[PDB]
Amino acid sequence: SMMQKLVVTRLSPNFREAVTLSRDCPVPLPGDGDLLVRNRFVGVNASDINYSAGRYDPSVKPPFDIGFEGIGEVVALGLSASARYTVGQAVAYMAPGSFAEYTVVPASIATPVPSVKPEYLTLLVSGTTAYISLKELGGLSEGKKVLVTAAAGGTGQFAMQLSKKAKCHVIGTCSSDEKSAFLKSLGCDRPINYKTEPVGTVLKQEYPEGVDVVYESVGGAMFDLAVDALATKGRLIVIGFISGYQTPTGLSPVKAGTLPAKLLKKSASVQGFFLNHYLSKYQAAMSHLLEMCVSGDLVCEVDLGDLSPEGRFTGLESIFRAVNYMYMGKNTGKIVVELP
Amino acid sequence: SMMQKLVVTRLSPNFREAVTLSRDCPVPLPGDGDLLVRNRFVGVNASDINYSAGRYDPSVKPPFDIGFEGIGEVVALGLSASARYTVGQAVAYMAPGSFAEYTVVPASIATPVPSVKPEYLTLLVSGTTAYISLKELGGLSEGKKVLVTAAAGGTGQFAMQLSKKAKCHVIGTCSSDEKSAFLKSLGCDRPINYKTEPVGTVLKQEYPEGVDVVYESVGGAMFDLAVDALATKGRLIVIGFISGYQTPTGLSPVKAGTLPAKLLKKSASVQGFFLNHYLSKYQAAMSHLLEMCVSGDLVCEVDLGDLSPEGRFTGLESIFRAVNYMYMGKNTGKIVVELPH
Ligand SMILES: NC(=O)c1ccc[n+]([C@@H]2O[C@H](COP(=O)([O-])OP(=O)(O)OC[C@H]3O[C@@H](n4cnc5c(N)ncnc54)[C@H](OP(=O)(O)O)[C@@H]3O)[C@@H](O)[C@H]2O)c1
Ligand SMILES: NC(=O)c1ccc[n+]([C@@H]2O[C@H](COP(=O)([O-])OP(=O)(O)OC[C@H]3O[C@@H](n4cnc5c(N)ncnc54)[C@H](OP(=O)(O)O)[C@@H]3O)[C@@H](O)[C@H]2O)c1
Ligand SMILES: Cc1ccc(-c2cc(C(F)(F)F)nn2-c2ccc(S(N)(=O)=O)cc2)cc1
Ligand SMILES: Cc1ccc(-c2cc(C(F)(F)F)nn2-c2ccc(S(N)(=O)=O)cc2)cc1
């Protein structure tokens, strides 16, 4: 009857500053097309702080709901919805307002899953971004060289594995030897711990002919280095620029004045990807990801914060600590919060 | 005998200060697989001043030859070359050192043409660049919105027409009402004189959903504006940035600190194109352009300087005048120089 949820109360890229835990909120009811989902696991996303900062609709003022993705059970559903879905059914979704004990979700955008496991939630945003971007924009083929940044992260792990399944040679960047060992176990050809080995040196000394594809999530100096490392007809996909999201503009500084000249001289491209522009591809991607997840052909690494200082990310209140864990570079795989 | 040719004697983007007219040069002799071409028309190219600046191979010291393209008669040729070519035959080529009375050209890269006309020379660099870039990178299809910058120039006129033949809606920028009237005669849907109409405002008011493809060859403020005007999944092709080539570095200033953010938010791309990376496509492009030019299906506008202050661009010495004419923005169509004989 009553539930907790996170609410953006003030526009800020600092999540603690922007977001309030409300305690005594009414449990909303599903429309005729709508499911009501008991959230069991919610995904933490780099762009949670872009959403809290208001960078999606700068018209929209607080208060508003937050959280992009959830997995759980249908507890209620409208009549139309009850054609395809039933109460107690395991479902996952990508829709704003997952950071709640219960969320209303249009049946038309729900993904049926085999059970409530956090591994299936890793696919909804992180998996589908890597799958659709690389398939529509990567032009991957046997022997291509792929650089993946934030390679041991939520979406990074999927860029790494999908590139390997395409029989590419894969380089992955990360901030620890533990993360390097994770990348090697995923079949990464050249893991780089950029804390102990300068990435620019590795690419100069081991990849003098450069790389065909960059899955670039980090921005700043990592972007500039990826541009310099492009082969003739190379493709840098701008997945994100996490290094800038905490700043007041949300932008990371890049050497952009000489960029059009570098791309002309290499016949090379910088291509942006936003998942919400490729929804016509989402169903097929999520189906193929699930088949690989269930079969064990795809590692779907989940970071529930068990080895963090204050331990497992349990409850809505743990989302503040889980966002900080991400921005401290501490996670291996997808950061997930459990609502028990 | 002896001949005249232009030589780069000093690296600089200032063409007049980089390039000397030699008068005492020996006519080179063709090898077994070579043509010796007597140049009748030579092409002037925005990037002649990047070449004189040494920006292509920054290892190569002066002196070296210059000029990218020629059309003329085979006056001598090697025995193996005589399998495909005959003395007296009309040929065109894209190879360095066209700015000479006579140029040695491998038979393997020469294009046979129906006669020595300047219209055919327009296709070699300007025509093939627009054709190959838009076919390989444009994703043109019916109803796509195409913005062409320098649309009344050498390559611009082809980007404009080839986009109209792909059934696209086409916007063209140029600096005069005469140039705007030339664009309207090519079927341009929306000529813009950017001197008398703010381009940014036209695009915002008349194309609020944005443009699907930009053929961008100007750089600077025009590049910034083109990025802002891109539709969702829009494609900006960097053909060039002529606004920068006279500068010490050859670069034009852009306000592109936010470029990655804008491309991510629109799922849009910025794609470089260099003709020399796509030579496996050149022969098919040139064959198709030639068919359309001979049939009258394609306007191949030539600017021989007949309405410039000092009149027709005649002789190698007129190349200095022809380059200044381009960089003053005066030309309609391809700037060609005639070497009469
Ligand atoms: N375009 C789209 O539709 C879309 C969708 C999903 C995600 N993304 C993007 O993908 C990227 C990764 O997001 P995610 O949610 O999956 O997170 P994540 O990669 O699981 O975690 C972020 C990782 O990035 C690195 N990092 C953190 N703070 C950093 C900083 N200040 N500077 C540099 N590196 C830093 C750290 O790994 P290291 O050990 O490697 O340093 C950290 O583990 C983000 O840019 C996000 O916006 C975009
Ligand atoms: N990527 C490749 O392989 C390749 C191959 C060929 C050509 N290109 C590029 O295509 C572009 C056009 O070259 P082109 O030889 O065909 O010349 P063009 O367009 O026939 O002549 C240049 C035109 O650009 C405009 N312009 C000239 N100086 C300018 C300046 N300082 N600032 C702004 N606009 C200026 C003028 O037209 P307006 O009336 O419109 O101002 C002028 O008529 C250049 O960037 C060239 O490098 C590239
Ligand atoms: C300054 C700035 C700009 C973009 C982003 C960003 C990152 C991401 C994502 F998806 F990569 F995670 N999206 N995303 C984003 C995407 C679309 C919009 S939109 N539709 O309001 O213009 C707004 C933000 C962040 C900060
Ligand atoms: C600083 C700078 C550098 C390059 C150019 C430019 C323009 C053009 C052209 F042909 F497209 F018009 N090419 N072109 C160019 C392209 C590639 C090379 S290369 N040999 O390094 O790959 C060399 C020159 C302009 C300014």
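We count from 1, first residue shown onward.
Recorded method is X-ray crystallography, 1.8 Å.
Positions of Cβ are set from backbone N, Cα and C atoms, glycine also.
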From B:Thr122, B:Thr155, B:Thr258, B:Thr314, the one annotated by Swiss-Prot with B:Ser175, B:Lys179, B:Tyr194, B:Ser217, B:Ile239, B:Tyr245, B:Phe273, B:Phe274, B:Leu275, B:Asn331 for NADP(+): B:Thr155
Listed as phosphoserine by Swiss-Prot, one of B:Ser47, B:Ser133, B:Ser269: B:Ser269
Residues satisfying Cβ distance under 8 Å from B:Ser269 (phosphoserine), sequence separation of at least 6: B:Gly234, B:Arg235, B:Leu236, B:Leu263
Of all listed binding-site residues, namely B:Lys179, B:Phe274, B:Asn331, those lying near chain A with CB under 8 A: B:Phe274
Sequence-ordered recorded positions from B:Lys5, B:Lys179, B:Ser217, B:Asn331 with Cβ under 6 Å of an atom of ligand 4: none
DSSP three-state assignment for B:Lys179 (NADP(+) binding site): helix
Pairwise Cα distance for B:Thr155 (NADP(+) binding site)/B:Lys5 (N6-acetyllysine) [Å, integer]: 26
Cα separation, B:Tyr245 (NADP(+) binding site) to B:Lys5 (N6-acetyllysine) (Å, whole number): 24
